[PDB]
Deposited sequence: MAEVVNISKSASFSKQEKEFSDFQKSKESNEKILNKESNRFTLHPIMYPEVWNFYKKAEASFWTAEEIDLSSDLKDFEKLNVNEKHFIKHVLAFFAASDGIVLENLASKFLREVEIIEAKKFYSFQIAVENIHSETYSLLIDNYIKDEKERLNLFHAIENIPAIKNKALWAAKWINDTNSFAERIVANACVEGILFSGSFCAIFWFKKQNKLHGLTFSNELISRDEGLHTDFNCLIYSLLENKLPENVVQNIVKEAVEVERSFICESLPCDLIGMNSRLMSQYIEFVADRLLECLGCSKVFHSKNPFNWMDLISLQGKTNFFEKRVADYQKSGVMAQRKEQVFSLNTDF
């Protein structure tokens, strides 16, 4: 078998959770005590998470190793559970349906999606190299939403938002596992990529990610600094290059120790 891969499965499995353990009960009081620029940051972020797609199922049919198909088929279930958690959150902070939608079109045309899709067109759901796909994959599950995830933790450091932050917790922890996973498949990889290509994929993922949190929907107005955040991406990116067995490209220290 492939014993290190099986450890990721048993860890995802034994780490399984559902939307029932969340109980948004206790803080829309927090959200109405929040202020006016912070309110639509959240309303936009949650609506951004609910937009992105087929991915694991495309590697489910490619990766011909039972241990790994098992991890990916388990990925889609857990990822569906992240999806419901958001629909449930979008259900509570954005309670009445007028505004739900007034605000789903509102994203569609949000250059962060211009960037996110165009990138997905160039590297993912593509037709040249499998190697390229997992690298671009490990960015999707590593670099993308990295910014958004950190910005909900800025509410967790204020002891506000009730499982906006606790769900956020489980979801990023989860998405962390997926990331190390695509590293290991890279690590098992027949003919690895030249570091020159991997860094392009990565840089572009970074530039794509930043057009969310620093530009489209600026963290610089939940209390954060867009430039410090821009540095968090860099550091996330570098971490990821090391997990991919590559040398860094932005050498940048942890802007937040939290």
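- No C-alpha positions are given for the deposited-sequence stretches 1 to 46, 99 to 103, 310 to 349.
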